[PDB]
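Below: the structure, in C-alpha cells.
Number of protein chains: 2
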Amino acid sequence: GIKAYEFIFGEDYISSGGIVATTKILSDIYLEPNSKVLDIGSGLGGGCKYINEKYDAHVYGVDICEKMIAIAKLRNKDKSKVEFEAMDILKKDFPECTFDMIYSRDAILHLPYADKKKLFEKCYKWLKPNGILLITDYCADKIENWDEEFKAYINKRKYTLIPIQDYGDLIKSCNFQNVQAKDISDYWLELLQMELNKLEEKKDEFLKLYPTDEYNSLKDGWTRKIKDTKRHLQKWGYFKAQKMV
Amino acid sequence: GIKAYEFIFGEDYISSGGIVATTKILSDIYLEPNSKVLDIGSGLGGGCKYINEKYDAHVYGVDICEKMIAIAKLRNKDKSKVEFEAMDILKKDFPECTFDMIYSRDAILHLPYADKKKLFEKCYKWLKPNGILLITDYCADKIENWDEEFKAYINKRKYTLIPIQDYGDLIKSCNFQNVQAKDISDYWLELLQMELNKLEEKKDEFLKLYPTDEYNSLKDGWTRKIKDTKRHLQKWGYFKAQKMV
Ligand SMILES: C[S@@+](CC[C@H](N)C(=O)[O-])C[C@H]1O[C@@H](n2cnc3c(N)ncnc32)[C@H](O)[C@@H]1O
Ligand SMILES: C[S@@+](CC[C@H](N)C(=O)[O-])C[C@H]1O[C@@H](n2cnc3c(N)ncnc32)[C@H](O)[C@@H]1O
Numbered sequence: 045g046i047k048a049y050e051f052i053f054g055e056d057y058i059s060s061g062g063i064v065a066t067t068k069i070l071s072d073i074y075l076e077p078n079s080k081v082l083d084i085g086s087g088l089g090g091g092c093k094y095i096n097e098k099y100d101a102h103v104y105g106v107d108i109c110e111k112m113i114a115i116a117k118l119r120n121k122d123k124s125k126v127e128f129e130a131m132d133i134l135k136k137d138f139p140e141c142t143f144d145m146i147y148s149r150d151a152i153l154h155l156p157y158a159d160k161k162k163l164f165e166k167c168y169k170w171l172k173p174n175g176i177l178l179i180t181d182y183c184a185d186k187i188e189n190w191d192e193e194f195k196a197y198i199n200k201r202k203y204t205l206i207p208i209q210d211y212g213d214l215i216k217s218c219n220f221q222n223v224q225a226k227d228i229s230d231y232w233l234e235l236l237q238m239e240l241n242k243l244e245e246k247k248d249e250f251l252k253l254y255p256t257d258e259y260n261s262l263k264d265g266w267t268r269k270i271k272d273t274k275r276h277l278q279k280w281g282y283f284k285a286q287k288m289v
Numbered sequence: 045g046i047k048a049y050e051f052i053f054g055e056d057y058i059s060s061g062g063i064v065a066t067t068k069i070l071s072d073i074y075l076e077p078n079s080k081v082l083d084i085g086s087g088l089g090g091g092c093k094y095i096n097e098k099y100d101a102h103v104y105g106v107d108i109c110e111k112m113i114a115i116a117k118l119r120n121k122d123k124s125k126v127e128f129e130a131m132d133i134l135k136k137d138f139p140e141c142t143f144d145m146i147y148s149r150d151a152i153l154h155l156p157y158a159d160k161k162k163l164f165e166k167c168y169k170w171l172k173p174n175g176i177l178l179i180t181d182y183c184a185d186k187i188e189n190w191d192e193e194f195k196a197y198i199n200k201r202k203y204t205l206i207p208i209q210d211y212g213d214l215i216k217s218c219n220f221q222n223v224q225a226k227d228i229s230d231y232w233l234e235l236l237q238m239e240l241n242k243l244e245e246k247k248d249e250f251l252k253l254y255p256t257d258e259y260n261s262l263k264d265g266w267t268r269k270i271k272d273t274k275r276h277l278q279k280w281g282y283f284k285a286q287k288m289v
C-alpha cells in the first residue's frame with residue numbers, strides 16, 4: 045500500500061540515499077575487481093550501486109523486504125554486475141568461498157542472538173580466503189538509562205541489542221581474525237542531525253510529495269533518535285574482520 | 045520515485061480497484077475451469093484477481109509498466125494460478141491456441157494503427173477455437189469538436205484514437221466472428237462521476253496519505269474527463285468477438 049512506499053521513499057530522501065555514511069565506511073577498503081561482494085540488508089540498493097561504481101565489483105544485494113528489492117531492481121537495470129534478491133538472509137545459502145567482502149549496514153539488530161551467531165558462521169563459510177566482513181550495527185550501551193518508552197520501542201520493532209564488546213567476541217568465536225570493534229556513535233550523531241536538518245530545511249518541497257502526517261512522524265522520529273543517542277542508550281558499532289584461511 | 049507510485053495508488057483508490065466496471069463487463073461471460081486467460085494491460089492485477097476468483101481460471105497478466113507488475117506480484121502471492129509479466133505485449137509470443145479468453149481494458153489506445161492490427165492478429169492466433177476476445181477502449185467520436193487542448197492532451201500521452209466503427213472493422217479483418225461493437229459512453233460517464241464523487245467525499249482521508257498537489261491534480265483531471273465525454277469528443281467502446289471453431 046501507499047503508506048509503506050511513502051515511508052520508504054521519505055526516509056531515503058532525508059538520508060540522501062545513505063551515501064555519506066557508505067562513502068566514509070568504505071574510504072579505507074580496497075578491492076580489486078572483479079571482486080564479488082554481498083550486501084546483507086541492501087534496502088533500495090544504494091550501497092550496492094556505490095560499491096559497484098567505486099570498485100567495479102559484482103555486488104549481490106539481499107533484503108527481506110520485497111518492496112525494496114523491487115525498487116532496487118528498477119533503479120539498477122542496466123548494470124549486469126549488480127544483482128538483488130528478496131529473502132531472509134538466514135534462509136540463504138551460497139557456496140563456500142563465494143565472496144571477497146560481505147557488507148551489512150544496520151540490518152543485524154533485526155536478528156535474535158542465536159541467529160546473529162548463525163549468520164556470522166554462514167559469513168565465515170561464504171567468504172574467500174582473506175575475505176573481509178564489514179558491518180555497522182546498533183549496540184546496547186547504558187542499560188541503566190533504559191526506560192519504558194525505549195524498551196517498548198525496541199520490543200515493538202523486534203530489535204535485539206548487545207554491547208559492542210560481546211558483539212566483537214561473537215564474531216571472533218566464528219574464527220574471524222583481525223577483528224576490529226569500534227564505537228562510531230559520535231559519527232552517528234552527526235549523520236542524524238544532518239538528516240533532521242535536511243528535513244526541516246526542505247519541509248515545503250517535502251510536502252509537495254508527502255502527506256503532512258509523514259513529515260511530522262519523521263521529524264519526531266529523528267528527534268527521538270538523536271535524544272536516544274545523546275542519553276547513551278545505544279552505541280553505533282563498527283566491526284571489521286577477515287577470514288584467514 | 046515517489047511521485048509515480050503516489051499517482052498509481054491514488055488513482056487505484058478513487059477507482060476502487062476498477063471492481064465496478066470489471067464486474068459488469070464480465071457479467072455475461074461464462075468460462076469453465078481450468079480456462080486460461082490473458083489480460084493485456086493488467087495494471088495492478090485487480091482484473092486478473094477477479095477473473096481467477098470468479099472462474100477459477102489461470103490468468104496471465106501482461107503490462108509494459110514494471111512498477112505496476114511489481115505491485116501486482118506482491119498483491120497476489122498465494123495464487124499459483126495468477127501470473128504477471130512486465131513486457132510490451134507486442135514483443136510477447138504465445139503458442140497458437142493457448143487461451144480461452146483474451147481480455148483488455150483501456151490499453152489498446154496506447155498502440156499506433158498498424159500495431160493495433162498486429163495485436164489483433166496475434167490475439168486471433170493465441171485464442172483457442174471458439175475463444176473470446178473482450179476489450180474496452182477509448183474511441184474517437186466527434187472530431188469536429190476536438191480543440192487544441194484535447195489534441196495536445198492525446199498527442200502528449202501518445203494515444204491513437206479511432207472511431208468505434210473502424211475499430212470493429214479492424215477486428216473483423218483479422219477473422220474474428222460474431223463481432224460486437226457497442227458505445228458504452230453513458231456507462232463511462234457514470235463511472236467517472238462516481239469516482240470523482242468518491243474523491244471529493246474522502247478529501248480529508250485522502251490527504252492523510254497523498255500530497256495536496258495530487259488531490260488537486262486528480263480532481264481537475266477527472267473533471268476534464270467528464271467534460272470531454274459530455275462534449276462527445278470520444279466514445280468508450282465495448283468489443284467482443286470469437287475465434288471461429
Ligand atoms: C535500516 S536498513 C539499512 C539498509 C540500507 N540500505 C542502508 O543504507 O543501511 C536495514 C535493512 O535490513 C533489512 N533486513 C532486516 N532483516 C533482514 C533479514 N533477516 N534478511 C535480510 N535483510 C533484512 C531490512 O529490510 C532493511 O532494508
Ligand atoms: C489505463 S490502464 C488500465 C490498466 C488495467 N487494464 C486497468 O483497467 O486498471 C492501461 C494499461 O495498459 C498498459 N499498457 C500500455 N501499453 C501497453 C503495452 N504495449 N503492453 C502491455 N501493457 C500496456 C499500461 O501500463 C496501463 O497499465
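Residue numbers (the working numbering), protein chains in the order written: chain A, 45 to 289; chain B, 45 to 289. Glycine included, each C-beta is placed from N, C-alpha and C at the ideal position.
Could you tell me whether any non-hydrogen atom of ligand 2 is closer than 7 Å to the CB of residue i?
i, result
"residue 155/B", "yes"
"residue 62/B", "yes"
"residue 86/B", "yes"
"residue 133/B", "yes"
"residue 109/B", "yes"
"residue 91/B", "yes"
Please report how far the alpha carbon of residue i lies from the alpha carbon of residue j, in whole angstroms.
i, j, result
"residue 116/A", "residue 55/A", "15 Å"
"residue 83/A", "residue 58/B", "39 Å"
"residue 134/A", "residue 106/A", "10 Å"
"residue 52/B", "residue 88/B", "9 Å"
"residue 217/B", "residue 104/A", "50 Å"
"residue 250/A", "residue 169/A", "44 Å"
"residue 280/B", "residue 118/A", "33 Å"
"residue 109/B", "residue 248/A", "30 Å"
"residue 78/B", "residue 97/B", "12 Å"
"residue 155/B", "residue 206/B", "11 Å"
"residue 208/A", "residue 215/A", "11 Å"
"residue 188/A", "residue 233/A", "20 Å"
"residue 68/A", "residue 194/A", "29 Å"
"residue 23/A", "residue 227/A", "Residue coverage of chain A in this structure runs from 45 to 289, which leaves residue 23/A outside it and unanswerable."
"residue 130/A", "residue 114/A", "8 Å"
"residue 72/B", "residue 149/B", "16 Å"
"residue 101/B", "residue 122/B", "15 Å"
"residue 141/B", "residue 76/B", "16 Å"
"residue 267/A", "residue 240/A", "7 Å"
"residue 152/B", "residue 112/B", "17 Å"
"residue 160/A", "residue 242/A", "34 Å"
"residue 146/B", "residue 199/B", "28 Å"
So, at 6 Å on beta carbons, what are the nonlocal neighbours of residue i in its own chain, with the 5 sequence-adjacent residues on each side left out?
i, result
"residue 231/A", "none"
"residue 126/A", "92, 96, 103 and 120"
"residue 11/B", "Outside the shown range of chain B (45 to 289) lies residue 11/B, about which nothing can therefore be said."
"residue 164/A", "215 and 218"
"residue 275/B", "189"
How is residue i classed by DSSP in three states: helix, strand or coil?
i, result
"residue 147/B", "strand"
"residue 74/B", "coil"
"residue 203/B", "coil"
"residue 279/B", "strand"
"residue 47/A", "helix"
"residue 287/A", "coil"
"residue 155/B", "coil"
"residue 60/B", "helix"
For ligand 1, I want to know if residue i counts as a neighbour, meaning its beta carbon is within less than 7 Å of at least one of the ligand's heavy atoms.
i, result
"residue 119/A", "no"
"residue 151/A", "yes"
"residue 112/A", "yes"
Confirm the yes/no value for this check: CB of residue i, any heavy atom of ligand 4, distance under 7 Å.
i, result
"residue 106/B", "Ligands displayed in this structure: ligand 1 and ligand 2; ligand 4 is not among them."
Looking only at its own chain, which residues have a Cβ that is under 7 Å from the Cβ of residue i, when we skip the five neighbours before and after it?
i, result
"residue 64/A", "235"
"residue 61/B", "90"
Within a Cβ cutoff of 8 Å, which residues of the same chain sit near residue i, ignoring the five residues on either side of it in sequence?
i, result
"residue 50/A", "254, 255 and 258"
Self-check item: Completely contained alpha helix (DSSP H) runs for the segment 211 to 275 of chain B, where each covers 4 or more residues
Solution: 229 to 245, 247 to 253 and 256 to 274
Self-check item: Entirely enclosed beta strand (DSSP E) segments - the segment 163 to 196 of chain B, minimum 3 residues
Solution: 171 to 184
Quiz item: Fully enclosed by the segment 63 to 149 of chain B, which alpha helix (DSSP H) runs are 4 residues long or longer?
Solution: 63 to 69, 90 to 99 and 110 to 119
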